[PDB]
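The data below hold one chain only, encoded as structure tokens and taken in the form deposited in one PDB entry.
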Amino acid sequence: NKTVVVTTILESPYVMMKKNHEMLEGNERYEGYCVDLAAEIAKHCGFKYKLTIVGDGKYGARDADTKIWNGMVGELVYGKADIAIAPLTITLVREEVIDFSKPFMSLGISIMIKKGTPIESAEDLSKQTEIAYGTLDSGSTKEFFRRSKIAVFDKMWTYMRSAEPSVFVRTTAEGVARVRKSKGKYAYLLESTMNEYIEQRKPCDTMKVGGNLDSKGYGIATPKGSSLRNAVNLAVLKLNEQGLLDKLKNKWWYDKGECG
């Protein structure tokens, strides 16, 4: 019937530009876990689609004053895209305005350090001042810290919100670059999936420390009232049960390992 507009985000190893992308067109420009997942979901649900990178480069949050959503969430809410296929965290505030499939991947918030940084846990970060730490802007990790009542995480947020210079970053790449360049004086709070990927990539100078802070999932999101909602949900379950999601995780994490 109609070509489905898929909103997604450039985030390794979910969606990446191929090495030779400038000689390619349309969906062929991109590779990654979510590029493969989009192809599979489309096949099972019987639609044609166009991958479009989210304009503002954000996941999505609601401005507290204007109540306007940005990011991939806003693209669905305001009718700019038909579906989001991305590492988009299922959250309460989002589920109030968009629908999510059952989760296709598990994750938790985690800590990234430069190798040798004397930090082993969230408690460790909160007890010192020499090592700065932050999160991604406009995402679910930031919101976790803003909202937490757990003593350690409340203390961390109190520090983060007013720290100078700013500890928050615009992209994961910016957070990772900051860790790598700061000689051990910056630690980054990010999802375990992204942390684990980066740990197995050159220059192999980062690591995940401590347990995950929470347990949650990424889901495929559709605007409320979407005719795709049921089919997409069942397709996610079908792909998990046929072992394809596990295969894709091995393809884009384990097989892409550069650190041994």
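Position 1 is the first residue in the sequence shown; the rest follow in order. Throughout, rigid core stands for the largest set of C-alpha atoms superposing within 1.5 Å between the two forms.
- Taking the PDB entry as given, 161 to 169 carries the higher mean Cα B factor of the two stretches 161 to 169 and 88 to 96.
- For the two regions 107 to 115 and 149 to 157, the entry's Cα B-factors average higher over 149 to 157.
- Comparing C-alpha B-factors across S121, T135, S101, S140 in the deposited entry, the largest value falls on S121.
- Between the residues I131, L76, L189, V176, it is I131 that shows the highest Cα B-factor in the PDB record.
- Placement of the Cα temperature factor of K50 within the chain: middle third of the modelled residues, per the deposited record.
- In this PDB entry, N195 carries a Cα temperature factor that places it within the lowest third of its chain's modelled residues.
- Ranked against the other modelled residues of its chain, the C-alpha B-factor of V6 as given in the entry falls in the lowest third.
- Ranked within its chain, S215 lands in the lowest third, by CA B factor from the PDB record.
- Among all modelled residues in its chain, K58 ranks in the lowest third by Cα B-factor.
Absent from the display: the form deposited in another entry. The rest refers to it.
- After superposing the rigid core, the C-alpha of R178 moves by 2 Å or more between the shown form and the other one.
- Shown in the overlay between the shown form and the other one, fitted on the rigid core, is a CA shift at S148 of 2 Å or greater.
- Taking 2 Å as the criterion, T193 does not count as shifted between the shown form and the other one: its C-alpha moves by less than this amount when the rigid core is aligned.
- Legend note: Cα of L88 to Cα of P165 is at least 3 Å farther in the other entry than in the depicted form.
- Between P165 and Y59, the Cα distance is greater in the other entry than in this structure, by no less than 3 angstroms.
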